[PDB]
Every structure is written in structure tokens, then in C-alpha cells.
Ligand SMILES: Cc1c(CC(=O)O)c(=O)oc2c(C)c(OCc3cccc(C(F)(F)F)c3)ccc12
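Consider the single chain below, provided in C-alpha cells and representing the form solved without this ligand.
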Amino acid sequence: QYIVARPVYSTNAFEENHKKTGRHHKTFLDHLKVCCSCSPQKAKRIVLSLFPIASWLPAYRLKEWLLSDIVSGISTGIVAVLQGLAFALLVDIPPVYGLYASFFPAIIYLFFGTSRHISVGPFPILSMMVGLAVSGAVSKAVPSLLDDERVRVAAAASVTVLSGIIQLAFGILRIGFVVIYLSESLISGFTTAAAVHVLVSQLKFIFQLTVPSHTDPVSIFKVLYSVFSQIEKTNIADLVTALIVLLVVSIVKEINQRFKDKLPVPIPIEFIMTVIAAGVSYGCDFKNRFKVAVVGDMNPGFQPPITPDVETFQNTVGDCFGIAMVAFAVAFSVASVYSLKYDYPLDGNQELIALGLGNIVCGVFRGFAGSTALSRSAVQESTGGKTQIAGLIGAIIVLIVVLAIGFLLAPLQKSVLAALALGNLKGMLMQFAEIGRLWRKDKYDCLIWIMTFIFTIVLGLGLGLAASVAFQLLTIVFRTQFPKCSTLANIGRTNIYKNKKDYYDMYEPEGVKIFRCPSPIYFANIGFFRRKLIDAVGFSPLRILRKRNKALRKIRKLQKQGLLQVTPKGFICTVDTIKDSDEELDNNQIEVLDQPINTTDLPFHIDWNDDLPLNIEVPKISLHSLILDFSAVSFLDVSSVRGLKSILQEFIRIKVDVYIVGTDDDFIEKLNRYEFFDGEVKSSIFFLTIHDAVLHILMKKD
């Protein structure tokens, strides 16, 4: 049974009886000393962290990893070639830049990356964010089809170079923990909005229509209007072939997911349908019989590096910041699943550095933004990916496609790629069945999800992330704005104290009120806390103090006039009744009422609760003690400290004690720094538990 027999402590007798260890908190001088303390072991650790390949490559097991890595690399290389060709169209650049952006960051990540399963390249969200950034940049540059494509390519290279520089700077600064400011609900809402954006954007390629590059403020609706204002000019053959490809891919993906145990090395539907479509377009000549747009004959080989444009750097700072943040968050979210699945450590700063270097190299070599895509990562993992050697094999396949087999993929329909991209939208769009779950569960994360979706949809991907982050930060204040403050009472004559309106046989101590605030008190909570405390107490301590001071001043004036003769016990009051001549105070003297009462000159100790001569109101209070249950109060910063000090001073000045209960050692240590304690609000008002506070009150009363 719960049996305890201990003395009553007040967080000061406790410390006096039990000696503390006197731990030395770390200062700032020694923080820099240990950082600059260079040692060979720490240097080797830093070098190995910066070059994870030097650690994971010599530990390769070339007996059970080589074949699986090779197969997974071939599969992911085919998928990466197809996905780069598809996503190069979203930026509205020649397709070969998609291959470049699928090749270069993977090669850089093979050296500088810490994850072992993700595949680096383009994914639709980042691709369209880069495209929007390019459209914004080329619309602000100070003043043919070939020239427009070249300027778009240059703008994309500059934007992705700046994004890689930002990512590398973030990784160097060791601030790679910024991924925790994005809630799971915010991630879900943003991903669903981006999925809708992808579905809207791929329509102009499915229908084979010319759509101008729109601007960030309202992009999806403008694109939809532009697409549906020319719906008559659609290509029926292109539309039907896109539908067939999408239907076949979705059906095969469904059967592949359903039949997993019986199906090793899952069917490469992307490759199979792509080669089928290319063979159908060839021979049958799906470029003159119909007017289907096809992927042009890409130049076999790479391209010389270019210097990024400082004008674009200046123009698209915010867009590049958003691109870097989105890429890092997506990469971390994708890599964390496989890291937890296969039990290896993940380094956020190393991931940021690798992504930044890869993006920088890709932009220097005329590419665009690169990260890991969920579809490609899942393909690589399911095929049997064990290390980044699969990524190297995929890069080799991409290089082979770029160099040798370049005449192929030319009869490609330039919209089978769009249908393949839309085939990856099923998992993204299935997240729409989350509003109901969040509404049933939280009712606040549902608000976060809805607001994030609306903000992204009506503001573009670049600004929706910032707006959603701001609203998600505000939702914490929403949570801790109106805490369910309640009065506590004893249950069963034990040390159990719960809500006053919950149980039946409870009992409160005579003239004792226990108040609990089940939320941290900060700038947005001090006023509500004070109002709730005053309402629970039942009177205003400031009002009581002011009325008592007015009564004392009237009594002193009467004594000066001689109507009141002071005696050791009682007042003579040699007047039956006065005409009740009240006195008013001017504007600059009303402060004196708030001053504490000191009746040392009067030998009689005024009770302020029984009766006053000459019929003075002086409202009485039956509350002779107050206990604050600061057990759930995590922190106070400035305004809460000032409000608490004012409330405690007002309470103490009317001859009632205040006790703070439930705070640990750290809370009182922090409060000591705020100059909270003084000659009035001593440090002995803190008690361990409500029962100790109540027992101390009872002991001091009788």
C-alpha cells in the first residue's frame, strides 16, 4: 500500500537536509575551448564523417551484395532515365538536362552521401518549384524558340547553383536540424497540394497544348484556365495513348503491390511500356500520321560548364531558399524510412552537405535541382539495393543513355512520360483521406493540414511552405491560449488533488483555494491566467487593497479630527452616526491607495474582516491562503514573470499567503534569475506538493 511518513518540505528545508551535488554547469568559455581542441582522433572522425565512402566502401561484402546491387542499379538507372526525361519537361527545358540532373548529383552523392538506399535525382515537386523560379526570374531580367530555351536553361542552372550553395552553407553551419520545424500534418498537406499541382501541370502535356509560364501568386488556377480555354485544340491520339499508358501502368503497379511474395524482381512496367510506346511510334510514324509532339534528337554528349548568373542569384533568392529547404526536407523524410528500416545512422548535416555539393555540380554542368524521389527510392530498395553502388550503376546507365543510345527515345511521345509521372501520383493523392482522420483525432492538426493545402494551392509552392510554417507555429499559441484552468480539492482525505467539478465526496480546506494552470504561461497566457485566477478566487485583490486603504485613510482622518480615540482593545467611537461625508482623490494621488498598509502606529491590530466603525464597507474576504499548482507550467519568460509578481504582490499586500507547488529545481533556478524574489515575495513560498502545502497551512493556522 501507499504508505509514506516523511517531514513536510518546502523546497528549502529539503535542500538544507539533502545536500546537493553542486554540479558545475558548462559556461561559454569552455564551450569554445572543446570545439577548438584539435586532436588526431577527432580529426580522423571529422574526415571520415565528411567522406563516408572511405568508411562504407572498404567494408563492402562482395559475396552477397554485388549481384543485388547490380540488378537494383540497372533497374533504378532505367527508372532514373525515364523520370529525368519526364521531369525535364516540367521545367520546360530540353529533355537531356533531365538526364544530366539524374546523372551528376547521383555521382556526387556516391562519394559525399551517408544514406545507402535513396536514389538522387529530380522529383516533380522540386522540378516544378524550379520551373516557377525560372519563370519568375526570366520575367524580371533587364532587357526565338531557341533563345527562350537557352535562357530558361541558364536561369535553371543559376537557380539550382544558388540552391546548392544555400544547402552547402546550411550543412556547414550544422543547422541541419531545421527538418523538425515541419510537422507531419504540414508535410502531408504540402505533399497533397503538390500532387494536385503536378496533376494540373501535366495536363498541358497530356493534351499537347501551348500554355504560357505563369507566375507564383495564383499558378494552378491560371494554368487550369489556360489549358481548358483551348480544350478544343487537343490531340485525340495523344490523349488516348496517354490514357492507355496510365491505365496499364496503374494496373500493373496495383498487381505488383498485391502479389509481392510470388513476384521477385518486380516487373519494370515503366521500361516495358516505354519501349512498347517507342516501337509503336516508330514504323507507324506517330509524327506525320498524327501531330503528336515527340522528344527531339538530343545531342549525344555532355555540355561545357557555365558561370551562374548573378542577376538570377539576386532575383530568385527566396525561391532558391524555398527550393533548398524543400529538397532537404524531402530527402531527409525519404531517407529516414530506409534508415529506420535497415538500422544505420543518418547524419542530417552530412546529407545537407552532399545535396548542396551535388546541386552545385549539376548546376555548374547545366542541370537543375536534385534530391531523392520516393518512387525511385522505392524501386531501388525493392529491386535489392544494398549500398550506393546501385546509385553508381544507375549513373552509369544514365551516362550510357546520354552518350551511346541517344538516337532512341526520339520517337517517344513526350506525353507517355507525363502519364508515367502521373502514375506515381496514386500514393500522393491517397493522402486526401486524412482530413477526416485528423478531424476525428486532433481538430488542430486538421486545421494545420487544411490551411497548408489552401495556402499552397492559392499561393504557389514557394510561398505556401512559408505561410504553412507560420500558421503551424501560430497553432502552438492557439493550443496554449485558453488553458483549462480549474480549482482543485482533496479526494478521500489523502494526497490526491483533482478538478473541483469532477468528483462527489471531495472536500476543500477552510479558506484555502488551489489553482492549477495546465499549460505553460507566456506572453499570450498571462492575462487569461490572471483573469481565471481572479474569477476562481472570487474577488479582485487590487480592489480589496484599494478599498482597505480608503477605509484606513478615512479612519486616520477621523482619528485626527478626534472622533476616534485609539485604545488597546476597540475604538470608543464617541459619535452615534456621521453624515457619511466621503472624500474623493484627484488624478495624481490615486496611486497611494495601492500602497501596502502598515498599521504600526496604531496599537490595535485591525482585523479587516469583522467590523469597522462608522459603517465603512471594507468588503470581507474568507480566503486566507492560496496555492498555485505549477506542475504543468513549463516556462515563463518575461511578461508571465511580471504578471505573476504583480499578482503575488497584490495578494500578499492584503494579508494572504501565496504558495507555488510542483515546480522542479530547474524552474526555481530559472526564476531566481528574473529578480522575482525580493523582501516581499520570498523564496520560501515554493513547496514540493499540494499536500505538503496544505499541511503547512494547517500547521501554521493551528
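When you see a residue number, it is the position in the sequence shown, counting from 1. Just so we're on the same page, rigid core means the largest C-alpha set that superposes within 1.5 Å between forms.
In 9 other deposited structures of this protein, superposed by the rigid core, the C-alpha atoms of 551-559 lie farther from the shown form than the other of 551-559 and 188-196. Core superposition of the other structures onto this form places the C-alphas of 602-610 farther off in 9 other deposited structures of this protein than those of the other stretch among 602-610 and 198-206. Modelled in this chain, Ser229 is likewise resolved in all the other entries of the protein that span it on both sides, not missing from even a third of them.
Compared with the other entries of this protein, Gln167 is consistently built, present in every one of those that build its neighbours rather than absent from a third. Going from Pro143 to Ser144, the model skips 10 or more deposited residues, which lack coordinates.
From this point on, the text means the form deposited with this ligand bound, which you will not see here.
Out of the listed residues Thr387, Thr114, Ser158, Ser375, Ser375 is the one that sits within 4.5 Å of this ligand in the entry with it bound by at least one heavy atom.
A single residue from the set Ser486, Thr480, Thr191, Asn349 has any heavy atom within 4.5 angstroms of this ligand in the entry with it bound; that residue is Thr191. Contact check for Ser625: no non-hydrogen atom falls within 4.5 Å of this ligand in the entry with it bound. Using a 4.5 angstroms limit between non-hydrogen atoms, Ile534 is distant from this ligand in the entry with it bound. Not displayed here, this ligand is kept clear of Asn525 by more than 4.5 Å at the level of heavy atoms in the entry with it bound.
Contact annotation for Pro124: at least one heavy atom lies within 4.5 Å of this ligand in the entry with it bound. The stretch that touches this ligand in the entry with it bound, counting heavy atoms within 4.5 Å, is 367-375, out of 144-152, 367-375, 617-625, 593-601. Contact check at 4.5 Å (heavy atoms) against this ligand in the entry with it bound: none of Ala88, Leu132 and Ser135 pass. Within 4.5 angstroms of this ligand in the entry with it bound, the stretch 421-436 places a non-hydrogen atom from each of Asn424, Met428, taken in sequence order.
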